[PDB]
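Read the single chain below, which is given as structure tokens and is the form deposited in one PDB entry.
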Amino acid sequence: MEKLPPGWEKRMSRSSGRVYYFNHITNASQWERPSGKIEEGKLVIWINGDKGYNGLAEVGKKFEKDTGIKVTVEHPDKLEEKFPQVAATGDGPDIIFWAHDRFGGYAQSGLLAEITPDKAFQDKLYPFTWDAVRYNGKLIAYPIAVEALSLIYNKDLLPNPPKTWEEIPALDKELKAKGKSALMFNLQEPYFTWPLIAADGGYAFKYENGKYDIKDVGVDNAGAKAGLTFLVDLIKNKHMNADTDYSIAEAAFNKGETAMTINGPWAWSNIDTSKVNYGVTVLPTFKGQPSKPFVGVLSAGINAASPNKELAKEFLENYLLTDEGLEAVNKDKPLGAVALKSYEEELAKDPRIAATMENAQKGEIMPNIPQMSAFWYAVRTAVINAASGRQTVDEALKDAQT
């Protein structure tokens, strides 16, 4: 019989003589034993579909060829919503891949095991990536790659990309004279509009530690209002459409219909085959200030209820987080600037990667506070409601902030 995951208490129902389980962290109650659900002797991995999951699977076969231990890569939709649901019952994948921002929430709920890399392995990764996966003093995941949004532009349509958001409206005008658009990017996910929204740090940026104040002052401030108003105004003046998602933006750029998009390194792959001559460069400034994308560190956390933690450790440390492991993933979909020093040193020669790190260091590594999931949803609603005209910018942001 396996040991119980953190927070779990085993109990007896006096009325039926039936054992049940109660979790003091999540208040979850159930008849099935939380441990013992995840199958032992194999590795099941969840990663997002836009990532190099097929490349990750190659590392999985390499692991199986060497060890006999099967590795299974799955990419469900909304895995960031599904993992906490199942793992809170003791079920789910052994390893979950996602940006670090959601791991703090997972960690507080007792869903992620503390990882145990020794000092020698820690030296192999940049310390700032270990910081992204530290929750309440504990390392709760293996950092993989640094994800910063960059301005991606068509070199043929636009040899000299705009340095400011402000000059885009007029640029869109003279590109419409060509039957083109200046800029199209996913307006449905707050991840993509945030760099503009946070740009102006006049009201909510903390110079004490270089962090945007999302919990005290919050998104209801004049700086965020200016950013979202500029966004809405591009839409009213018809330089952007409120309905543009990832799919639409991607297609239009890779068909050369628009001069610019905003996206991460995972997107480079599809552009490469489209053979648009593209550049990856710094995001435009707004109000004299650099855009501040929330930077994600794609991380691999281990399920607290998993019986394969040492399997997971071996796989992540000695197969994935190597030069040949990351390359296998990187060739499938570009990871961005990796956490592994030795591999990143080769990638840093790539100007696209230099551009990624440049936007990263102008932006901010996301907080991993438990509230991140609520924050993202609040901002998303505000943007969507402001952009559709359903609310004004003040109202949208007032309601967003609580």
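We number the residues from 1 along the sequence you see.
Note that the form deposited in another entry isn't included here; everything after this is about it.
Asker: Which single entry of 198, 102, 295, 46 lies at the hinge between rigid parts that turn between the shown form and the other one?
Answerer: Hinge located at 295.
Asker: Between residue 81 and residue 391, does the Cα distance in the other form come out closer or farther than in this form, changing by 3 Å or more?
Answerer: Pair moves farther apart in the other form.
Asker: With a shift of at least 3 angstroms, figure out whether the C-alpha spacing between residue 203 and residue 190 grows or shrinks in the other form: closer or farther?
Answerer: Residues converge in the other form, at least 3 Å closer.
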